[PDB]
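K.L.:
Here it is, the structure in full.
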Amino acid sequence: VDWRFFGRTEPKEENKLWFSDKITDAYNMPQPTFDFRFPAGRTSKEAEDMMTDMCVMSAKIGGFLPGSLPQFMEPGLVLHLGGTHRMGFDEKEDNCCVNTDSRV
Amino acid sequence: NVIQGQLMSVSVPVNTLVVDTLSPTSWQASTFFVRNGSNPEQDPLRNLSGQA
Amino acid sequence: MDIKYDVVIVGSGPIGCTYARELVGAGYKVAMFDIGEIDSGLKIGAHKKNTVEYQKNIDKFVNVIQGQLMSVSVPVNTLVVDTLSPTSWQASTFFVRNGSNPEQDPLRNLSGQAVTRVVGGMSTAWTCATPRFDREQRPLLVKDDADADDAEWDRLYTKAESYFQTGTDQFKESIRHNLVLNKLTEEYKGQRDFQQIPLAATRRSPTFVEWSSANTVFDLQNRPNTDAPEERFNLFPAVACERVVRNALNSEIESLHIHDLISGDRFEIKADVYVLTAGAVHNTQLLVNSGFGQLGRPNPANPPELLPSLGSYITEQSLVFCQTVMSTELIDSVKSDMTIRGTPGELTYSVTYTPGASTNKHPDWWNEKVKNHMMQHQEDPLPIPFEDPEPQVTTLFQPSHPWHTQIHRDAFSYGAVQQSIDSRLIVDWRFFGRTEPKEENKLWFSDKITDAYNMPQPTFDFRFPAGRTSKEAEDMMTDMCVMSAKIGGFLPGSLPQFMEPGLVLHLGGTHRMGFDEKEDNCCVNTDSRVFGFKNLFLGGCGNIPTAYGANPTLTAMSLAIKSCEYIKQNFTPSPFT
Amino acid sequence: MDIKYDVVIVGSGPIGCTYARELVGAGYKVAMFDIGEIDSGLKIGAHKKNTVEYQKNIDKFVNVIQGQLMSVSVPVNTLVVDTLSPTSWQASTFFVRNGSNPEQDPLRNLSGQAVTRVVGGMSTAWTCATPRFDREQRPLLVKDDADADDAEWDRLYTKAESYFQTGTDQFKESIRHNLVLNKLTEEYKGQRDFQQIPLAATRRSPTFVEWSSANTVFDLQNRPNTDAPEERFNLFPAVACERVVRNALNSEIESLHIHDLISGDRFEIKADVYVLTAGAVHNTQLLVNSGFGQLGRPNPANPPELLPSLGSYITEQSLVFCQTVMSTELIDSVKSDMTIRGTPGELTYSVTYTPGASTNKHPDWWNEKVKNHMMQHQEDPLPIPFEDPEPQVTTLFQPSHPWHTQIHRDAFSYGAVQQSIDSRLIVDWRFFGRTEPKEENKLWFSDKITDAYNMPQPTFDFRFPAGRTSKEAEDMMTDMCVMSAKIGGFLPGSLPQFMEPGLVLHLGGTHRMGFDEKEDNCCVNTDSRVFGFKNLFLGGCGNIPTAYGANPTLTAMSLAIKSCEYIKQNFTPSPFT
Ligand SMILES: Cc1cc2nc3c(=O)[nH]c(=O)nc-3n(C[C@H](O)[C@H](O)[C@H](O)COP(=O)(O)OP(=O)(O)OC[C@H]3O[C@@H](n4cnc5c(N)ncnc54)[C@H](O)[C@@H]3O)c2cc1C
Ligand SMILES: Cc1cc2nc3c(=O)[nH]c(=O)nc-3n(C[C@H](O)[C@H](O)[C@H](O)COP(=O)(O)OP(=O)(O)OC[C@H]3O[C@@H](n4cnc5c(N)ncnc54)[C@H](O)[C@@H]3O)c2cc1C
Ligand SMILES: OC[C@H]1O[C@@H](O)[C@H](F)[C@@H](O)[C@@H]1O
Ligand SMILES: OC[C@H]1O[C@@H](O)[C@H](F)[C@@H](O)[C@@H]1O
Ligand SMILES: OC[C@H]1O[C@@H](O)[C@H](F)[C@@H](O)[C@@H]1O
């Protein structure tokens with residue numbers, strides 16, 4: 001049986017996806033560049049509590065399969081990226097790019 | 001394999017792995033230069049390396 | 001080499017040395033044979049980790065361990081190599097090669113079980129953890145009287161602790177030790193107690209710990225000598241002991257048959273008292289080779305005439321392991337009492353504290369080390385001193401957490417990627433389970449295959465017993481996962497895992513103790529005397545008949561001390577001539 | 001411990017032991033210091049492979065080797081670990097961690113270089129191959145007189161060979177050795193000669209070889225003693241020699257500064273004659289720490305006052321490696337002479353040979369071994385006896401194949417899948433290239449970073465020179481692929497490959513010899529005396545100034561012998577009062 005637990009990550013202004021003004025990608029578009037770390041505080045404590053939860057809960061079904069021991073996956077492997085063009089009610093107050101009808 | 005075959009990494013930092021068992025005749029780098037589509041903007045310690 | 005001694009001891013490990021210390025000290029004329037050789041420097045049988053080089057390069061010591069551990073039973077290899085050149089010679093079958101044991105069922109093995117053959121035995125490389133067993137783990141020495149059983153154990157353990165130089169204070173001022181200790185104390189307040197692992201060791205300076213060994217128990221120097229002019233002892237390395245010779249009545253041992261490995265000659269040695277301390281595996285091998293028990297695949301249709309419990313009820317502990325990288329919170333806590341002003345490398349960088357202030361979370365000795373490290377190494381991003389010793393923390397076995405624990409650092413071979421992580425961050429976690437003795441779990445010896453010393457090949461038939469053993473092993477894994485997350489997350493490459501069976505090397509019960517041979521299914525009595533034989537004694541973890549999770553050597557030494565009390569009351573040392 | 005000797009020697013490896021053997025024997029009062037400790041049993045500085053246990057479990061010896069090899073220069077680690085828990089403390093930069101050397105360019109390293117600190121030095125673990133250099137590889141000891149040069153090198157090598165007990169006969173009756181040696185002799189008939197590797201070793205029994213070491217050269221016991229009542233010698237282990245003190249005129253050494261690692265005491269030792277034999281790396285370190293050469297990153301705009309060539313022109317050999325799995329054709333050839341009646345295991349099975357017949361491809365000693373093996377082990381599918389010794393074959397360096405070669409078995413750690421292949425089938429191949437001395441190839445010492453003993457941290461700036469060295473190294477790889485294929489295909493897991501630079505441990509040239517300091521860009525003369533200094537000598541492969549492929553230790557020892565002749569002719573022993 002596979003176990004995958006997914007943690008939520010607090011939106012922080014310093015976590016960014018930006019694009020190079022020199023380097024380009026395979027389609028000649030500005031090369032994407034991340035500046036990301038899991039925020040300290042809640043996101044991090046909950047990630048490690050989630051790991052422990054997986055360890056505890058999985059043991060009710062059976063022990064770990066050698067070669068697939070409990071581990072955090074490489075950042076972004078999960079492909080659940082959000083917030084890159086985020087929604088809110090007020091551009092300034094809610095630090096956002098689109099409104100609730102998703103219009104820029 | 002199908003999944004892997006279509007997931008193209010978003011940002012791969014410059015590679016700094018040392019290969020020091022090339023034959024003496026092979027051409028060899030004096031620096032870790034921008035090679036193989038890697039992104040020199042990317043700090044390898046602040047990446048989403050698994051993003052594709 | 002004389003032909004006749006008062007006492008012969010097979011094996012120069014810490015248990016053989018306990019018998020030596022006690023019997024040499026009482027005036028007996030003693031010889032000790034070891035199949036292995038002197039190679040620990042001028043201190044014979046001493047701990048190999050005590051060189052200045054290994055105390056400066058502690059991770060290299062893993063190689064010393066691996067270099068002297070030889071696998072007990074390796075099943076026939078069935079790995080397929082199908083990329084040989086067409087010209088190379090290729091097998092049509094998986095035949096017996098490379099010393100593999102075709103008796104061995106690969107799914108019922110202790111594949112990690114291994115033995116050492118060097119003077120000092122495994123004590124030249126061991127980790128030195130010597131906890132006492134509580135009652136739950138401990139064999140009875142006195143029946144129907146728990147207070148007297150308690151008192152007898154206390155007396156024997158106290159003496160064994162003096163022989164090993166056990167203490168709990170050699171790491172008392174390590175920052176990392178106290179950081180983990182204090183955190184776990186707080187997290188489990190009112191639920192579990194934490195302390196230093198009792199270690200057989202003496203600190204000689206801030207960067208040097210003299211680890212104890214066989215040598216600490218008995219220095220293994222031939223006697224008489226200048227410091228012991230009245231004592232008699234001879235050590236004979238590179239002598240494989242092969243058989244103790246039974247009289248026809250099975251009531252006495254008549255001699256010991258040896259094979260001098262250097263001359264290649266075989267001889268007999270006579271003694272009044274024969275003590276076997278060759279370890280849990282080779283004691284059993286020697287006995288089986290001498291006609292005790294049953295040679296060959298065990299067969300209930302044909303139960304052995306002598307010691308039918310020999311090589312049955314064997315126990316080996318389950319062991320789970322991981323490493324962690326210290327949490328940001330804990331690391332930050334290390335410098336919580338500091339006032340930090342300016343920036344590193346600049347003239348105005350200032351790290352100070354107030355010695356003695358009530359609000360300080362740490363003692364002055366800790367703060368001063370932290371201040372000095374941060375001021376003298378402004379380029380380093382960690383507040384822990386470079387030379388800060390290892391943590392050595394434990395919460396001892398209890399009914400609500402029936403496993404032994406070690407939260408510590410021992411020598412380790414880190415992969416290149418792991419070496420990317422500063423070692424000051426890394427903590428090892430090892431939790432040890434107890435294993436119920438079960439008649440079906442067996443160490444037996446082949447009647448056909450022999451080992452590298454031409455002796456019957458050891459073969460295991462082992463699985464962790466269903467029921468309590470298995471349940472607690474899995475619960476133990478969970479507990480390690482929960483407890484370790486309080487200190488930091490897992491180090492990639494050292495994720496929580498069970499270790500290969502027997503890698504832990506805490507094998508017991510192979511020649512087990514009890515009050516009554518039949519009723520307690522055992523091979524020796526509480527004096528360690530083999531049932532029916534006046535003059536044959538067994539020492540070592542093989543005597544231990546219980547399910548235990550704590551490290552067993554200190555308990556085995558305690559039984560050896562008790563055995564020696566019996567010997568001293570029942571045999572007379574020859575006159576000194 | 002006096003503080004006045006006739007001769008002090010730094011280092012107890014085989015080269016220091018050569019100075020000791022010569023000078024103790026000639027009547028000088030000798031002290032030797034070694035930063036490491038005694039750890040080969042009662043024979044001080046003896047080969048650690050000479051225990052019965054290692055010769056029964058030879059592949060375990062790899063751990064002994066690894067356990068005492070400490071990497072000289074490890075660059076800062078930039079491996080990314082991005083699967084830590086979010087709670088774990090994490091670096092923003094690849095900071096200087098874990099004893100790494102921030103001076104070290106990771107792309108201009110000898111990452112494989114290592115040192116050993118034990119009494120006996122690397123000779124407690126070495127492979128014992130001692131070939132002579134031919135002229136093309138050898139430094140000149142006599143100018144403009146080829147025959148006189150040859151005679152001098154003959155006399156020195158013959159003496160060195162006696163000290164090491166070098167022989168070419170210890171494997172003469174191995175079936176595997178002869179199988180490979182005869183095949184390669186045939187294949188290269190008229191083209192190359194093959195022979196046994198010259199080995200410093202004496203066979204004691206069909207299953208035991210006593211490998212030579214420092215102890216062979218000089219037993220390292222304190223003198224006077226019963227067997228040497230007129231000799232004077234003291235060995236002091238665990239003493240870090242740190243500097244030799246120059247007089248103001250730079251014409252004489254005045255003392256040796258030491259640091260006793262056990263007491264912590266720091267003294268000055270006085271002698272008539274100072275000999276440095278701490279190895280190619282640590283001789284250079286000691287010299288640089290004493291004010292010779294230049295400390296810190298090479299700056300050719302500030303050339304050093306003393307020994308400007310010190311630490312330049314370093315040479316390390318290219319090493320290529322594979323293993324092979326013996327061909328079907330060769331294995332079948334082993335039993336070429338046998339008549340095989342019937343079926344293995346079945347009742348009438350016979351393997352027989354006619355002794356001394358003339359169609360027989362093999363000698364009677366071979367056929368008899370093969371016969372008894374096939375008859376006694378009918379379940380085994382190979383004709384080679386189980387206890388048959390390793391192959392030990394070489395074709396020595398020549399202009400047309402200017403590499404040293406060893407086609408043999410030394411201790412190896414086989415992967416699980418490799419252990420699937422029967423070891424009787426496996427042969428190691430190691431071919432060793434010669435490297436041109438080039439001024440830009442350097443060993444230098446940091447003026448800021450220090451090693452584990454608080455000495456200036458060694459840093460390499462090395463690449464294999466373009467031109468002949470690189471072309472030959474690649475030619476050499478091809479040659480190994482071509483020749484190995486005559487014996488069998490590559491063992492998966494041990495495919496042809498260049499080893500990490502410096503792993504070979506044949507570093508030379510660090511304090512190189514020549515006739516004239518300036519013209520020959522060297523540090524010592526042919527008496528191994530440091531230019532300008534009356535009483536300081538260096539010994540070791542650091543003296544060798546040439547490009548050589550063969551293993552260098554016998555050549556270094558020959559140079560040390562010559563050096564001692566100068567000493568005997570120039571310094572008078574103290575009266576033994
Ligand atoms: C890496 C490691 C770490 C360990 N850590 C701990 C720990 O922290 N705490 C703990 O309690 N225990 C630990 N141990 C286990 C502990 O070392 C053993 O329990 C202890 O050494 C047993 O002592 P012994 O005298 O019975 O047997 P050994 O130490 O095994 O000695 C047996 C001796 O008999 C000799 N011998 C074998 N066959 C023959 C023969 N036929 N003829 C003559 N002589 C023979 C052997 O050479 C050996 O010297 C560790 C072991 C290892 C290797
Ligand atoms: C596994 C291996 C296999 C090898 N096989 C071969 C082979 O087959 N043939 C061959 O020719 N060579 C071989 N060698 C290389 C050979 O062992 C060395 O060439 C030889 O040992 C060098 O001799 P030495 O006396 O100059 O230096 P070493 O043997 O290096 O001894 C130098 C000594 O100085 C001591 N020392 C270091 N620093 C200090 C200090 N500051 N103060 C006091 N003492 C110090 C060290 O402890 C050491 O004992 C092998 C080496 C290795 C390790
Ligand atoms: O590998 C990460 C993925 O694995 C699956 O189990 C999920 F359903 C996904 O949401 C996710 O993209
Ligand atoms: O590798 C298993 C070993 O590891 C240590 O940490 C222990 F203290 C031992 O008692 C044990 O034998
Ligand atoms: O691993 C490198 C070593 O391997 C052996 O085969 C050699 F004989 C040595 O000269 C050498 O130092």
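Following the order of the structure tokens, first chain is A, next is B, and so on, with residues numbered from 1 inside each chain and ligands from 1 in the order they appear.
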Can you check which residues of stretch 3-48 of chain A DSSP gives as strand (DSSP E or B) on the backbone and send them as a ChimeraX atom specification?
P.N.:
/A:16-24,30-35
K.L.:
Given the selection you just returned, output its residues as a file containing C-alpha atoms, formatted as a CSV table (one decimal), in the first residue's frame.
P.N.:
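Written out: result_13.csv:
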chain,number,residue,atom,x,y,z
A,16,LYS,CA,8.4,33.7,-5.6
A,17,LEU,CA,8.4,32.4,-9.2
A,18,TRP,CA,10.2,34.9,-11.4
A,19,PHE,CA,11.7,35.0,-14.9
A,20,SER,CA,15.1,35.7,-16.2
A,21,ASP,CA,15.8,38.8,-18.3
A,22,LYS,CA,18.8,37.0,-19.9
A,23,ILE,CA,18.3,33.2,-19.9
A,24,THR,CA,15.6,31.6,-22.0
A,30,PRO,CA,12.1,34.0,-20.2
A,31,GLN,CA,13.5,31.2,-18.1
A,32,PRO,CA,11.5,30.4,-14.9
A,33,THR,CA,13.4,30.7,-11.6
A,34,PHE,CA,12.1,29.8,-8.1
A,35,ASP,CA,13.0,31.5,-4.8
K.L.:
Mind dumping a table of every chain B residue within 12 Å of ligand 3, with the nearest atom pair and its distance in Å to one decimal, using only C-alpha atoms and all ligand atoms, sorted by chain and rising number, as a Markdown table?
P.N.:
| residue | atom | partner | partner_atom_place_in_ligand_line | distance |
| --- | --- | --- | --- | --- |
| B:3 | CA | ligand 3 | 1 (O) | 9.9 |
| B:4 | CA | ligand 3 | 1 (O) | 10.9 |
| B:7 | CA | ligand 3 | 1 (O) | 11.5 |
| B:50 | CA | ligand 3 | 1 (O) | 9.7 |
| B:51 | CA | ligand 3 | 2 (C) | 10.4 |
| B:52 | CA | ligand 3 | 12 (O) | 10.8 |
K.L.:
Go through B:17, B:47, B:12, B:30 and flag the residue nearest chain C, using only C-alpha atoms for the distances.
P.N.:
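The shortest atom-to-atom distance to chain C comes from B:17.
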K.L.:
Between atom CA of residue C:544 and atom CA of residue C:13, what is the spacing in Å?
P.N.:
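Separation between atom CA of residue C:13 and atom CA of residue C:544: 16.8 Å.
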K.L.:
Name the residues, by chain letter and number, that sit within 10 Å of ligand 4 using only C-alpha atoms and all ligand atoms, and give them as a PyMOL selection string.
P.N.:
chain C and resi 65+112+122+125-131+197+199+317+319-321+404-411+428-432+499+502-507+549-553
K.L.:
Could you pull out the alpha helix (DSSP H) residues of chain A from DSSP and send them as a list in words?
P.N.:
residues 42, 43, 44, 45, 46, 47, 48, 49, 50, 51, 52, 53, 54, 55, 56, 57, 58 and 59 of chain A
K.L.:
Go ahead and write the residues just picked, N, CA and C atoms, as a PDB file, in the first residue's frame.
P.N.:
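As a result, selection_31.pdb now contains:
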ATOM      1  N   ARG A  42       3.932  27.673  11.298  1.00  0.00           N
ATOM      2  CA  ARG A  42       2.922  26.674  11.097  1.00  0.00           C
ATOM      3  C   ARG A  42       3.242  25.681   9.948  1.00  0.00           C
ATOM      4  N   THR A  43       3.693  26.166   8.807  1.00  0.00           N
ATOM      5  CA  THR A  43       3.851  25.212   7.678  1.00  0.00           C
ATOM      6  C   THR A  43       4.827  24.141   8.006  1.00  0.00           C
ATOM      7  N   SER A  44       5.933  24.569   8.600  1.00  0.00           N
ATOM      8  CA  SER A  44       6.966  23.609   8.957  1.00  0.00           C
ATOM      9  C   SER A  44       6.652  22.652  10.081  1.00  0.00           C
ATOM     10  N   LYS A  45       6.123  23.162  11.175  1.00  0.00           N
ATOM     11  CA  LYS A  45       5.687  22.279  12.253  1.00  0.00           C
ATOM     12  C   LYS A  45       4.635  21.259  11.772  1.00  0.00           C
ATOM     13  N   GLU A  46       3.695  21.703  10.953  1.00  0.00           N
ATOM     14  CA  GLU A  46       2.658  20.811  10.502  1.00  0.00           C
ATOM     15  C   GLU A  46       3.274  19.803   9.541  1.00  0.00           C
ATOM     16  N   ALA A  47       4.240  20.213   8.690  1.00  0.00           N
ATOM     17  CA  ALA A  47       4.865  19.187   7.810  1.00  0.00           C
ATOM     18  C   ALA A  47       5.468  18.034   8.640  1.00  0.00           C
ATOM     19  N   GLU A  48       6.152  18.388   9.737  1.00  0.00           N
ATOM     20  CA  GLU A  48       6.856  17.351  10.494  1.00  0.00           C
ATOM     21  C   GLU A  48       5.819  16.593  11.308  1.00  0.00           C
ATOM     22  N   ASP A  49       4.767  17.277  11.813  1.00  0.00           N
ATOM     23  CA  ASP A  49       3.673  16.523  12.451  1.00  0.00           C
ATOM     24  C   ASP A  49       2.974  15.581  11.460  1.00  0.00           C
ATOM     25  N   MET A  50       2.913  15.948  10.201  1.00  0.00           N
ATOM     26  CA  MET A  50       2.258  15.097   9.203  1.00  0.00           C
ATOM     27  C   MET A  50       3.091  13.855   8.953  1.00  0.00           C
ATOM     28  N   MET A  51       4.407  14.047   8.945  1.00  0.00           N
ATOM     29  CA  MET A  51       5.300  12.898   8.765  1.00  0.00           C
ATOM     30  C   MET A  51       5.029  11.969   9.904  1.00  0.00           C
ATOM     31  N   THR A  52       5.031  12.512  11.123  1.00  0.00           N
ATOM     32  CA  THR A  52       4.855  11.581  12.253  1.00  0.00           C
ATOM     33  C   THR A  52       3.478  10.904  12.133  1.00  0.00           C
ATOM     34  N   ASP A  53       2.461  11.638  11.654  1.00  0.00           N
ATOM     35  CA  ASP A  53       1.107  11.048  11.549  1.00  0.00           C
ATOM     36  C   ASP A  53       1.119   9.876  10.584  1.00  0.00           C
ATOM     37  N   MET A  54       1.840  10.043   9.491  1.00  0.00           N
ATOM     38  CA  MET A  54       1.950   8.946   8.513  1.00  0.00           C
ATOM     39  C   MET A  54       2.625   7.702   9.139  1.00  0.00           C
ATOM     40  N   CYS A  55       3.687   7.937   9.884  1.00  0.00           N
ATOM     41  CA  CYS A  55       4.374   6.837  10.584  1.00  0.00           C
ATOM     42  C   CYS A  55       3.443   6.099  11.531  1.00  0.00           C
ATOM     43  N   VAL A  56       2.657   6.844  12.289  1.00  0.00           N
ATOM     44  CA  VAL A  56       1.778   6.239  13.263  1.00  0.00           C
ATOM     45  C   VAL A  56       0.611   5.484  12.583  1.00  0.00           C
ATOM     46  N   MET A  57       0.011   6.148  11.621  1.00  0.00           N
ATOM     47  CA  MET A  57      -1.159   5.574  10.986  1.00  0.00           C
ATOM     48  C   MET A  57      -0.785   4.355  10.126  1.00  0.00           C
ATOM     49  N   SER A  58       0.326   4.447   9.375  1.00  0.00           N
ATOM     50  CA  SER A  58       0.685   3.337   8.530  1.00  0.00           C
ATOM     51  C   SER A  58       0.976   2.057   9.289  1.00  0.00           C
ATOM     52  N   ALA A  59       1.508   2.182  10.470  1.00  0.00           N
ATOM     53  CA  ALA A  59       1.856   1.009  11.285  1.00  0.00           C
ATOM     54  C   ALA A  59       0.620   0.195  11.632  1.00  0.00           C
TER      55      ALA A  59
END
K.L.:
Under the rule that only C-alpha atoms are counted, which of D:245, D:1, D:24, D:334 is the nearest residue to residue D:228?
P.N.:
D:24
K.L.:
Show me which residues are within 7 Å of ligand 1 counting only C-alpha atoms and all ligand atoms, and format the list as an NGL selection string.
P.N.:
:C and (10-16 or 33-36 or 65 or 69 or 115-123 or 125-130 or 239-242 or 277-280 or 282 or 286 or 505-506 or 539-541 or 551-554)
K.L.:
For chain B, work out the contacting residues on chain D at 8 Å, counting only C-alpha atoms, and write them as a PyMOL selection string.
P.N.:
chain D and resi 78-80+82+92-93+106-107+464+466+470-471+473-474+497-501
K.L.:
If the cut-off is 6 Å, can you tell me the residues of chain A near chain D, counting only C-alpha atoms? I'd like them as a list in words.
P.N.:
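The complete set of qualifying residues is residues 44, 72, 73 and 74 of chain A.
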K.L.:
Mind dumping a table of every chain D residue within 6 Å of chain C, with the nearest atom pair and its distance in Å to one decimal, using only C-alpha atoms, sorted by chain and rising number, as CSV?
P.N.:
residue,atom,partner,partner_atom,distance
D:38,CA,C:41,CA,4.9
D:39,CA,C:41,CA,4.3
D:40,CA,C:39,CA,5.2
D:41,CA,C:39,CA,3.9
D:60,CA,C:67,CA,5.1
D:63,CA,C:67,CA,4.8
D:64,CA,C:67,CA,5.8
D:67,CA,C:63,CA,4.8
D:77,CA,C:420,CA,5.7
D:79,CA,C:417,CA,5.8
D:85,CA,C:489,CA,5.0
D:87,CA,C:327,CA,5.3
D:88,CA,C:327,CA,4.1
D:89,CA,C:328,CA,4.1
D:97,CA,C:422,CA,5.7
D:98,CA,C:422,CA,6.0
D:325,CA,C:88,CA,5.6
D:326,CA,C:88,CA,5.6
D:327,CA,C:88,CA,4.1
D:328,CA,C:89,CA,4.2
D:417,CA,C:79,CA,5.7
D:420,CA,C:77,CA,5.8
D:422,CA,C:97,CA,5.7
D:488,CA,C:88,CA,5.4
D:489,CA,C:85,CA,5.0
K.L.:
Convert the current residue selection to file output with C-alpha atoms, as a JSON list (two decimals), in the first residue's frame.
P.N.:
[["chain", "number", "residue", "atom", "x", "y", "z"],
["D", 38, "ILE", "CA", 51.77, 0.64, 18.00],
["D", 39, "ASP", "CA", 49.00, -1.55, 16.41],
["D", 40, "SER", "CA", 50.14, -4.82, 14.70],
["D", 41, "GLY", "CA", 50.40, -7.04, 17.81],
["D", 60, "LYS", "CA", 37.95, -8.40, 5.00],
["D", 63, "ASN", "CA", 38.39, -2.63, 5.84],
["D", 64, "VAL", "CA", 41.70, -2.58, 7.67],
["D", 67, "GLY", "CA", 40.23, 2.28, 8.45],
["D", 77, "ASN", "CA", 30.99, 19.57, -0.35],
["D", 79, "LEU", "CA", 25.88, 18.19, -2.81],
["D", 85, "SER", "CA", 12.11, 17.94, 6.93],
["D", 87, "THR", "CA", 11.71, 21.59, 10.76],
["D", 88, "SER", "CA", 15.43, 20.57, 10.34],
["D", 89, "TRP", "CA", 18.09, 23.30, 10.49],
["D", 97, "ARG", "CA", 31.97, 21.81, 7.21],
["D", 98, "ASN", "CA", 33.14, 18.40, 8.30],
["D", 325, "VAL", "CA", 36.00, -13.81, -15.15],
["D", 326, "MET", "CA", 38.26, -16.58, -16.46],
["D", 327, "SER", "CA", 37.38, -17.92, -19.93],
["D", 328, "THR", "CA", 35.67, -21.28, -20.42],
["D", 417, "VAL", "CA", 25.90, -9.58, -7.21],
["D", 420, "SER", "CA", 27.55, -14.50, -7.16],
["D", 422, "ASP", "CA", 33.01, -17.99, -7.78],
["D", 488, "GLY", "CA", 38.36, -13.62, -19.73],
["D", 489, "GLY", "CA", 35.64, -11.01, -20.08]]
